[PDB]
$ cat entry27.cif   # mmCIF, C-alpha atoms and all ligand atoms
data_run
loop_
_atom_site.label_atom_id
_atom_site.label_comp_id
_atom_site.auth_asym_id
_atom_site.auth_seq_id
_atom_site.Cartn_x
_atom_site.Cartn_y
_atom_site.Cartn_z
CA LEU R 383 -73.35 95.78 139.32
CA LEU R 384 -72.55 94.54 142.81
CA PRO R 385 -71.40 90.89 142.57
CA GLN R 386 -73.34 90.04 145.72
CA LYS R 387 -76.53 91.49 144.23
CA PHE R 388 -75.98 90.02 140.76
CA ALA R 389 -75.23 86.54 142.12
CA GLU R 390 -78.43 86.48 144.21
CA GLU R 391 -80.60 87.42 141.22
CA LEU R 392 -78.80 84.75 139.18
CA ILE R 393 -79.34 82.21 141.96
CA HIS R 394 -83.03 83.04 142.35
CA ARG R 395 -83.56 82.92 138.58
CA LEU R 396 -81.59 79.66 138.34
CA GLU R 397 -83.69 77.98 141.04
CA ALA R 398 -86.89 79.01 139.22
CA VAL R 399 -85.82 76.70 136.37
CA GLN R 400 -84.57 73.85 138.61
CA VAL K 103 -68.23 116.55 97.88
CA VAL K 104 -64.44 116.25 98.19
CA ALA K 105 -63.53 113.03 100.02
CA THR K 106 -60.25 111.23 100.65
CA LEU K 107 -59.66 107.86 99.00
CA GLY K 108 -59.96 104.99 101.46
CA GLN K 109 -56.97 102.86 100.53
CA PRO K 111 -52.39 107.83 100.26
CA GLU K 112 -54.74 110.83 100.24
CA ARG K 113 -56.92 112.05 97.36
CA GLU K 116 -63.94 114.35 94.21
CA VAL K 117 -67.18 112.48 94.96
CA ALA K 118 -70.82 113.03 94.00
CA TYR K 119 -73.60 110.62 94.97
CA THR K 120 -77.31 110.16 94.29
CA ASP K 121 -80.28 108.15 95.59
CA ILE K 122 -79.80 108.57 99.35
CA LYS K 123 -82.11 106.99 101.92
CA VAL K 124 -82.17 106.76 105.72
CA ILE K 125 -82.16 103.10 106.77
CA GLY K 126 -80.89 103.45 110.34
CA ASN K 127 -81.42 105.94 113.18
CA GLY K 128 -80.69 106.34 116.88
CA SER K 129 -77.52 106.86 118.86
CA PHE K 130 -74.13 105.63 117.60
CA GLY K 131 -74.83 107.42 114.31
CA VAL K 132 -77.16 107.44 111.33
CA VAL K 133 -76.75 105.18 108.28
CA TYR K 134 -77.67 105.89 104.64
CA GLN K 135 -77.25 104.30 101.20
CA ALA K 136 -76.00 106.04 98.05
CA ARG K 137 -75.29 105.57 94.35
CA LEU K 138 -72.22 106.46 92.31
CA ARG K 142 -72.70 103.86 88.49
CA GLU K 143 -72.19 101.86 91.70
CA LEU K 144 -73.82 101.49 95.12
CA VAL K 145 -72.40 103.10 98.27
CA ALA K 146 -73.21 103.26 101.99
CA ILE K 147 -72.92 106.41 104.14
CA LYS K 148 -72.60 106.49 107.93
CA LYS K 149 -72.65 109.77 109.88
CA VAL K 150 -71.29 110.11 113.43
CA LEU K 151 -70.56 112.98 115.78
CA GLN K 152 -66.79 113.26 116.20
CA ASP K 153 -64.74 115.22 118.71
CA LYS K 154 -62.49 117.47 116.62
CA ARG K 155 -59.64 117.02 119.13
CA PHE K 156 -59.33 113.22 118.73
CA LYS K 157 -59.15 110.75 115.87
CA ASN K 158 -62.16 108.66 114.91
CA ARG K 159 -61.55 105.13 116.17
CA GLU K 160 -63.52 103.41 113.41
CA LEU K 161 -61.88 105.44 110.63
CA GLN K 162 -58.42 104.43 111.82
CA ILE K 163 -59.58 100.81 112.10
CA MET K 164 -61.09 100.84 108.60
CA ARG K 165 -57.93 102.40 107.16
CA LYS K 166 -55.77 99.65 108.69
CA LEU K 167 -57.70 96.69 107.24
CA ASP K 168 -57.72 95.15 103.74
CA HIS K 169 -59.46 91.79 103.29
CA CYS K 170 -61.97 90.30 100.87
CA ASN K 171 -64.30 89.50 103.80
CA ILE K 172 -64.26 93.04 105.24
CA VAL K 173 -66.48 95.83 103.93
CA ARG K 174 -64.47 98.28 101.84
CA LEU K 175 -63.97 101.90 102.89
CA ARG K 176 -64.29 103.76 99.58
CA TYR K 177 -64.04 107.36 100.85
CA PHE K 178 -64.73 109.60 103.84
CA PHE K 179 -65.62 113.27 104.29
CA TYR K 180 -66.62 115.70 107.03
CA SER K 181 -69.77 117.75 107.65
CA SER K 182 -70.39 120.44 110.26
CA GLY K 183 -74.09 120.54 111.15
CA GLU K 184 -73.23 123.14 113.81
CA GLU K 188 -69.94 120.40 115.75
CA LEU K 189 -68.18 117.97 113.39
CA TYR K 190 -69.73 114.94 111.71
CA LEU K 191 -67.65 112.22 110.06
CA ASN K 192 -69.21 110.60 106.99
CA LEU K 193 -67.83 107.18 106.01
CA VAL K 194 -68.32 106.16 102.37
CA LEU K 195 -68.76 102.39 102.51
CA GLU K 196 -69.23 99.68 99.90
CA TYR K 197 -72.87 98.66 99.51
CA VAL K 198 -73.92 95.00 99.88
CA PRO K 199 -77.52 94.04 99.02
CA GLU K 200 -78.28 91.77 102.00
CA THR K 201 -77.42 90.87 105.58
CA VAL K 202 -77.32 87.45 107.21
CA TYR K 203 -80.11 88.60 109.53
CA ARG K 204 -82.43 89.38 106.62
CA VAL K 205 -81.63 86.15 104.77
CA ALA K 206 -82.20 84.12 107.94
CA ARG K 207 -85.43 86.00 108.69
CA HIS K 208 -86.66 85.26 105.16
CA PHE K 209 -86.07 81.52 105.65
CA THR K 210 -87.76 81.48 109.06
CA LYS K 211 -90.65 83.58 107.75
CA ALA K 212 -90.95 81.06 104.92
CA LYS K 213 -90.83 78.24 107.51
CA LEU K 214 -87.78 76.84 105.74
CA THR K 215 -84.28 75.83 106.80
CA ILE K 216 -81.19 77.52 105.40
CA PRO K 217 -79.25 74.99 103.27
CA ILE K 218 -76.16 73.77 105.10
CA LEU K 219 -73.85 74.69 102.21
CA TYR K 220 -74.82 78.36 102.51
CA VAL K 221 -74.26 78.04 106.26
CA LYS K 222 -70.88 76.48 105.49
CA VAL K 223 -69.95 79.22 103.00
CA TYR K 224 -71.03 82.15 105.19
CA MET K 225 -69.62 80.85 108.48
CA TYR K 226 -66.19 80.16 106.96
CA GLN K 227 -65.94 83.77 105.77
CA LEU K 228 -66.95 85.03 109.22
CA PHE K 229 -64.22 82.97 110.89
CA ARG K 230 -61.73 84.04 108.21
CA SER K 231 -62.58 87.70 108.80
CA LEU K 232 -62.14 87.33 112.57
CA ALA K 233 -58.75 85.67 112.02
CA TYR K 234 -57.67 88.69 109.98
CA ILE K 235 -58.93 91.47 112.26
CA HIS K 236 -57.46 89.79 115.35
CA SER K 237 -54.14 89.50 113.51
CA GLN K 238 -54.27 93.29 113.04
CA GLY K 239 -55.15 93.69 116.73
CA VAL K 240 -58.80 94.66 116.22
CA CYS K 241 -61.66 93.13 118.21
CA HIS K 242 -65.02 93.67 116.53
CA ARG K 243 -67.07 93.47 119.77
CA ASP K 244 -70.37 93.58 117.84
CA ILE K 245 -70.48 90.26 115.96
CA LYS K 246 -74.13 89.59 115.11
CA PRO K 247 -76.13 88.63 111.99
CA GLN K 248 -77.24 92.22 111.41
CA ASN K 249 -73.55 93.12 110.96
CA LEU K 250 -72.80 90.35 108.42
CA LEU K 251 -73.10 91.52 104.82
CA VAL K 252 -73.85 88.88 102.17
CA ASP K 253 -74.32 88.91 98.40
CA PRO K 254 -77.38 86.78 97.52
CA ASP K 255 -75.81 85.54 94.27
CA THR K 256 -72.05 85.26 94.80
CA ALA K 257 -72.51 84.36 98.50
CA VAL K 258 -69.54 86.49 99.57
CA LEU K 259 -69.63 87.60 103.21
CA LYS K 260 -68.22 90.88 104.53
CA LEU K 261 -67.85 92.12 108.10
CA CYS K 262 -69.01 95.70 108.72
CA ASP K 263 -69.98 98.10 111.54
CA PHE K 264 -66.61 98.57 113.23
CA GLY K 265 -68.06 101.27 115.51
CA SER K 266 -67.67 99.05 118.58
CA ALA K 267 -64.23 97.85 117.42
CA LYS K 268 -61.35 98.26 119.87
CA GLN K 269 -57.72 97.19 120.19
CA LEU K 270 -57.68 95.20 123.43
CA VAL K 271 -54.31 95.85 125.11
CA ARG K 272 -53.15 93.62 127.96
CA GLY K 273 -53.72 95.53 131.19
CA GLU K 274 -56.18 98.12 129.88
CA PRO K 275 -59.71 97.71 131.31
CA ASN K 276 -62.51 97.62 128.76
CA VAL K 277 -66.27 98.01 128.96
CA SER K 278 -68.04 94.81 129.98
CA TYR K 279 -71.47 95.78 128.70
CA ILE K 280 -70.56 95.28 125.04
CA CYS K 281 -71.98 93.36 122.00
CA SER K 282 -75.63 92.60 121.35
CA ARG K 283 -77.16 90.70 124.25
CA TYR K 284 -78.03 87.43 122.46
CA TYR K 285 -74.39 87.16 121.30
CA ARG K 286 -72.66 88.57 124.41
CA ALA K 287 -69.98 86.31 125.87
CA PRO K 288 -70.63 85.04 129.42
CA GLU K 289 -67.51 86.73 130.85
CA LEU K 290 -68.89 90.09 129.70
CA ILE K 291 -72.18 89.44 131.51
CA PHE K 292 -70.08 88.60 134.58
CA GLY K 293 -68.54 92.09 134.29
CA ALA K 294 -65.04 91.09 133.20
CA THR K 295 -62.90 94.05 132.09
CA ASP K 296 -59.81 92.01 131.10
CA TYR K 297 -61.55 90.07 128.32
CA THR K 298 -59.84 89.30 125.01
CA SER K 299 -60.84 89.04 121.35
CA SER K 300 -62.26 85.54 121.98
CA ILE K 301 -65.59 87.27 122.68
CA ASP K 302 -65.85 87.64 118.89
CA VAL K 303 -65.51 83.84 118.66
CA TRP K 304 -68.36 83.35 121.13
CA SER K 305 -70.65 85.62 119.10
CA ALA K 306 -69.66 83.76 115.94
CA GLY K 307 -70.65 80.54 117.69
CA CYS K 308 -74.04 82.07 118.49
CA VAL K 309 -74.46 83.10 114.85
CA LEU K 310 -73.68 79.55 113.69
CA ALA K 311 -76.15 78.04 116.16
CA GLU K 312 -78.79 80.57 115.08
CA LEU K 313 -78.40 79.55 111.43
CA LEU K 314 -78.83 75.86 112.26
CA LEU K 315 -81.70 76.43 114.70
CA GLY K 316 -83.66 79.08 112.82
CA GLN K 317 -83.73 81.17 116.00
CA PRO K 318 -81.20 82.60 118.48
CA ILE K 319 -79.71 79.97 120.76
CA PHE K 320 -79.49 82.29 123.82
CA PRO K 321 -82.57 84.59 123.77
CA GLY K 322 -82.03 86.66 126.90
CA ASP K 323 -84.49 89.40 127.86
CA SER K 324 -81.99 90.94 130.32
CA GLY K 325 -78.40 90.57 131.43
CA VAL K 326 -79.30 88.11 134.18
CA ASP K 327 -81.62 85.98 132.06
CA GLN K 328 -79.09 85.97 129.21
CA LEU K 329 -76.76 84.07 131.54
CA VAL K 330 -79.73 81.88 132.52
CA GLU K 331 -80.36 81.00 128.86
CA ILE K 332 -76.72 79.99 128.41
CA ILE K 333 -76.77 77.84 131.56
CA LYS K 334 -79.91 76.04 130.37
CA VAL K 335 -77.89 74.79 127.37
CA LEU K 336 -74.32 74.42 128.66
CA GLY K 337 -75.16 73.72 132.30
CA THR K 338 -73.99 75.69 135.29
CA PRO K 339 -70.34 76.72 134.80
CA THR K 340 -67.96 75.22 137.33
CA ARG K 341 -66.25 77.40 139.92
CA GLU K 342 -63.01 77.03 137.94
CA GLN K 343 -64.69 78.19 134.73
CA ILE K 344 -66.03 81.17 136.69
CA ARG K 345 -62.51 81.95 137.90
CA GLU K 346 -61.30 82.43 134.33
CA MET K 347 -64.34 84.64 133.58
CA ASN K 348 -64.51 86.81 136.71
CA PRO K 349 -62.75 85.61 139.89
CA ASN K 350 -65.07 87.84 141.95
CA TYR K 351 -67.84 85.23 141.49
CA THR K 352 -65.96 82.07 142.49
CA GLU K 353 -67.19 81.85 146.09
CA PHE K 354 -70.93 82.06 145.43
CA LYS K 355 -72.87 78.79 145.54
CA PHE K 356 -74.79 78.73 142.27
CA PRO K 357 -77.48 76.10 141.67
CA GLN K 358 -76.23 73.24 139.52
CA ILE K 359 -78.21 72.90 136.27
CA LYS K 360 -77.55 69.85 134.12
CA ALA K 361 -76.32 70.59 130.60
CA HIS K 362 -78.83 69.86 127.87
CA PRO K 363 -77.21 67.29 125.55
CA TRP K 364 -75.66 69.03 122.56
CA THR K 365 -77.33 66.59 120.18
CA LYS K 366 -80.70 67.30 121.85
CA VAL K 367 -80.70 71.08 121.28
CA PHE K 368 -80.39 70.97 117.46
CA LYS K 369 -82.81 69.56 114.91
CA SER K 370 -82.79 65.91 113.85
CA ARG K 371 -81.10 66.56 110.49
CA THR K 372 -78.42 68.92 111.84
CA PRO K 373 -74.99 67.61 110.71
CA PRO K 374 -72.96 66.00 113.51
CA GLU K 375 -69.87 68.06 112.73
CA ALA K 376 -71.87 71.31 112.79
CA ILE K 377 -72.89 70.51 116.36
CA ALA K 378 -69.26 69.66 117.12
CA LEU K 379 -68.11 73.08 115.91
CA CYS K 380 -70.77 74.78 118.03
CA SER K 381 -69.59 72.98 121.18
CA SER K 382 -65.96 73.95 120.47
CA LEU K 383 -66.78 77.68 120.22
CA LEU K 384 -69.45 78.01 122.92
CA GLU K 385 -67.17 77.41 125.90
CA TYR K 386 -67.29 79.20 129.24
CA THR K 387 -63.51 79.47 129.53
CA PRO K 388 -62.45 81.98 126.83
CA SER K 389 -59.05 80.33 126.31
CA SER K 390 -60.82 77.04 125.43
CA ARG K 391 -62.66 78.58 122.46
CA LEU K 392 -61.34 77.77 119.01
CA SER K 393 -59.13 80.33 117.36
CA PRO K 394 -60.78 81.78 114.24
CA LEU K 395 -58.32 79.94 111.99
CA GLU K 396 -58.90 76.72 113.95
CA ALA K 397 -62.61 77.07 113.21
CA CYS K 398 -61.78 77.46 109.51
CA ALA K 399 -59.84 74.18 109.72
CA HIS K 400 -62.79 72.37 111.31
CA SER K 401 -64.20 69.36 109.47
CA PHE K 402 -67.55 71.18 109.20
CA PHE K 403 -65.97 73.20 106.38
CA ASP K 404 -64.41 70.16 104.67
CA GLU K 405 -66.98 70.43 101.86
CA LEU K 406 -65.75 73.88 100.79
CA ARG K 407 -62.26 72.45 100.24
CA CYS K 408 -63.38 69.52 98.06
CA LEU K 409 -62.41 69.70 94.39
CA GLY K 410 -65.71 70.32 92.61
CA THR K 411 -67.95 72.01 95.21
CA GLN K 412 -70.12 74.77 93.74
CA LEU K 413 -72.84 77.13 94.90
CA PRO K 414 -76.45 75.88 94.56
CA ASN K 415 -77.35 78.65 92.10
CA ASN K 416 -75.04 77.11 89.45
CA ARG K 417 -72.22 79.49 90.40
CA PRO K 418 -68.65 78.95 91.63
CA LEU K 419 -67.64 79.22 95.26
CA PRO K 420 -66.59 82.69 96.45
CA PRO K 421 -62.94 83.47 97.27
CA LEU K 422 -62.13 81.23 100.23
CA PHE K 423 -58.48 80.15 99.84
CA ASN K 424 -56.70 83.26 98.52
CA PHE K 425 -54.84 83.59 101.82
CA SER K 426 -52.17 86.28 101.97
CA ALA K 427 -48.70 85.77 103.42
CA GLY K 428 -49.87 87.44 106.62
CA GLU K 429 -52.85 85.08 106.73
CA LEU K 430 -50.49 82.13 106.22
CA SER K 431 -48.48 83.26 109.27
CA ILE K 432 -51.13 83.27 112.03
CA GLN K 433 -51.19 79.53 112.78
CA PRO K 434 -48.80 77.64 110.48
CA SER K 435 -49.88 74.16 111.60
CA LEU K 436 -53.44 74.62 110.33
CA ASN K 437 -52.25 75.60 106.83
CA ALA K 438 -52.16 71.96 105.71
CA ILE K 439 -55.94 71.77 106.16
CA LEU K 440 -56.74 75.33 105.08
CA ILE K 441 -55.06 74.93 101.67
CA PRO K 442 -55.98 71.47 100.28
CA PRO K 443 -53.58 69.45 98.10
CA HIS K 444 -55.20 71.01 95.03
CA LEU K 445 -54.23 74.69 95.07
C1 LIG H 501 -76.03 100.31 104.39
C2 LIG H 501 -75.72 99.42 105.61
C3 LIG H 501 -75.63 97.86 105.42
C4 LIG H 501 -75.38 97.75 106.94
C5 LIG H 501 -75.86 96.63 107.60
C6 LIG H 501 -75.64 96.48 108.97
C7 LIG H 501 -74.90 97.43 109.69
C8 LIG H 501 -74.40 98.54 109.03
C9 LIG H 501 -73.66 99.53 109.72
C10 LIG H 501 -72.38 99.90 109.28
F1 LIG H 501 -71.81 99.31 108.18
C11 LIG H 501 -71.69 100.88 109.98
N1 LIG H 501 -72.22 101.46 111.05
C12 LIG H 501 -73.43 101.13 111.49
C13 LIG H 501 -74.19 100.16 110.85
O1 LIG H 501 -75.48 99.83 111.33
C14 LIG H 501 -75.71 100.12 112.69
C15 LIG H 501 -74.63 98.70 107.66
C16 LIG H 501 -77.03 97.96 104.78
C17 LIG H 501 -77.03 97.23 103.47
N2 LIG H 501 -75.86 97.21 102.65
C18 LIG H 501 -74.56 97.73 103.11
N3 LIG H 501 -73.40 97.99 102.48
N4 LIG H 501 -72.48 98.49 103.41
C19 LIG H 501 -73.06 98.55 104.64
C20 LIG H 501 -74.39 98.09 104.48
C21 LIG H 501 -78.04 96.05 103.36
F2 LIG H 501 -78.13 95.66 102.06
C22 LIG H 501 -79.42 96.45 103.86
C23 LIG H 501 -79.93 97.65 103.06
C24 LIG H 501 -80.37 95.26 103.61
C25 LIG H 501 -79.39 96.82 105.34
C26 LIG H 501 -78.31 97.86 105.66
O2 LIG H 501 -78.47 98.60 106.57
#

$ encode --input "entry27.cif" --output "structure tokens"
Amino acid sequence: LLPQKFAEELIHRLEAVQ
Amino acid sequence: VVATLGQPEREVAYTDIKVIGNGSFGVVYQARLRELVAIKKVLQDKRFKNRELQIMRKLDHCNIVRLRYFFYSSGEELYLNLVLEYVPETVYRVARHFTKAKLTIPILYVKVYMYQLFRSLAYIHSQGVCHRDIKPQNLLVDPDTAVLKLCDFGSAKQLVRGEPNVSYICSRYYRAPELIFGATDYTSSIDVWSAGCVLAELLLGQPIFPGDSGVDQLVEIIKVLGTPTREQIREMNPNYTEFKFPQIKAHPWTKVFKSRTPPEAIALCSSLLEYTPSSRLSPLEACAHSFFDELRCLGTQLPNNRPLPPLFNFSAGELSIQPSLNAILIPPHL
């Protein structure tokens, strides 16, 4: 829910496919 | 059972009932008349109107499921029972049958069904109703006449400028990216995004964005469209503009669909599956797309030696949404 938290999960998931 | 006529107020007795849906948000049955009827039961607060009932009363379109009657039951507690027109099949079941058979849905059926979806969205948005649950399971289809009807208006809401609305809405595979980003000021263009996902699913034989969570749903979109730019994020949720997201290259649109997928079908998909909601095609604009040019040709018929369903019987209200597209929507003939 927290944008800081959500962005970090999105970043970490996005780097796992990069 | 005494029930009020759907479309003025108003004696009903039904047979052959069966439970075909359970869980929260209500329970769904089927009934007989000598016709076929659907029943949906929800718990209703006696102090407020039922949102879906008022939505269903307001609408009248050939591509919208018909509200035949409605009646109340106590249970002890008030339960609203919606008497709905029965349609033998859903788009989900037809698509699942083709995939289970390891076959591709013929593009004409995809053309016929998608046009009626976009037409229905044009109508409901004109009446100020956002479906918010556009998915193949909610698309009724007749196997023979190939008419499509939109149903399950339980999630439907009139989005008023300035009123916050729930972000966690729609089924996940068809949820617009701005909803995943937690936007509360979203508009009815989320229905267009879900319609784009339905179209891509019919061409691909599988969902285009198969997320297993909210985060990975946005990952699945990025793997196709690429990482949205900071400006695209600003129109979705400006709270996310200043994060540095990894830049994923967009998979070429021609490389995500099968070899024999029509070029214009891919073009329509790219025009609806846009990060910026204002860049998505209006539902009438999608109807005017060249991908549906076959349905307007003089002589096109259904594969099962039957005529095309009603597709051009636009009402005066329908003719008034976007006047410029009406040259395409109604061909020279008719
Ligand atoms: C009876 C419901 C269906 C339907 C399909 C999808 C959603 C809803 C629905 C709704 F309309 C209102 N609220 C909740 C709902 O589901 C959560 C209703 C129904 C048939 N036919 C229908 N005619 N009218 C509505 C429907 C199809 F033929 C089946 C039997 C193959 C599958 C089926 O379930």

$ atom_distance --input "entry27.cif" --atom1 "atom CA of residue 142 of chain K" --atom2 "atom CA of residue 173 of chain K"
18.5 Å

$ residues_near_ligand --input "entry27.cif" --ligand "ligand LIG 501 (chain H)" --cutoff "6 Å" --atoms "only C-alpha atoms and all ligand atoms" --output "list in words"
residues 125, 134, 135, 146, 148, 195, 196, 197, 198, 199, 200, 201, 248, 249, 262 and 263 of chain K

$ atom_distance --input "entry27.cif" --atom1 "atom CA of residue 136 of chain K" --atom2 "atom CA of residue 193 of chain K"
11.5 Å

$ atom_distance --input "entry27.cif" --atom1 "atom CA of residue 388 of chain R" --atom2 "atom CA of residue 339 of chain K"
15.6 Å

$ interface_residues --input "entry27.cif" --of "chain K" --to "chain R" --cutoff "9 Å" --atoms "all atoms listed in the file" --output "list in words"
residues 292, 293, 326, 327, 329, 330, 333, 334, 350, 351, 354, 355, 356, 357, 358 and 359 of chain K

$ axis_aligned_box --input "entry27.cif" --around "segment 414-419 of chain K" --padding-each-side "6 Å" --output "AutoDock Vina command-line options"
--center_x -72.5 --center_y 77.7 --center_z 92.4 --size_x 21.7 --size_y 15.6 --size_z 17.8

$ residues_around --input "entry27.cif" --residues "residue 437 of chain K" --least-positions-apart "4" --cutoff "10 Å" --atoms "all atoms listed in the file" --output "PDB file with C-alpha atoms, keeping the file's coordinate frame"
ATOM      1  CA  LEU K 395     -58.320  79.940 111.990  1.00  0.00           C
ATOM      2  CA  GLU K 396     -58.900  76.720 113.950  1.00  0.00           C
ATOM      3  CA  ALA K 399     -59.840  74.180 109.720  1.00  0.00           C
ATOM      4  CA  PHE K 425     -54.840  83.590 101.820  1.00  0.00           C
ATOM      5  CA  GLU K 429     -52.850  85.080 106.730  1.00  0.00           C
ATOM      6  CA  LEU K 430     -50.490  82.130 106.220  1.00  0.00           C
ATOM      7  CA  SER K 431     -48.480  83.260 109.270  1.00  0.00           C
ATOM      8  CA  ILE K 432     -51.130  83.270 112.030  1.00  0.00           C
ATOM      9  CA  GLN K 433     -51.190  79.530 112.780  1.00  0.00           C
ATOM     10  CA  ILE K 441     -55.060  74.930 101.670  1.00  0.00           C
ATOM     11  CA  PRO K 442     -55.980  71.470 100.280  1.00  0.00           C
TER      12      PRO K 442
END

$ residues_around --input "entry27.cif" --residues "segment 386-391 of chain K" --least-positions-apart "2" --cutoff "7 Å" --atoms "all atoms listed in the file" --output "VMD selection string"
chain K and resid 288 300 339 343 346 to 347 382 to 384 393

$ residues_around --input "entry27.cif" --residues "residue 367 of chain K" --least-positions-apart "5" --cutoff "10 Å" --atoms "all atoms listed in the file" --output "ChimeraX atom specification"
/K:311,315,319,335,362,372,377

$ residues_near_point --input "entry27.cif" --point "(-55.1, 71.4, 95.1)" --cutoff "12 Å" --atoms "all atoms listed in the file" --output "NGL selection string"
:K and (407-410 or 423 or 438-445)

$ closest_residue --input "entry27.cif" --among "K:436, K:306, K:147, K:221" --to "residue 132 of chain K" --atoms "all atoms listed in the file"
K:147
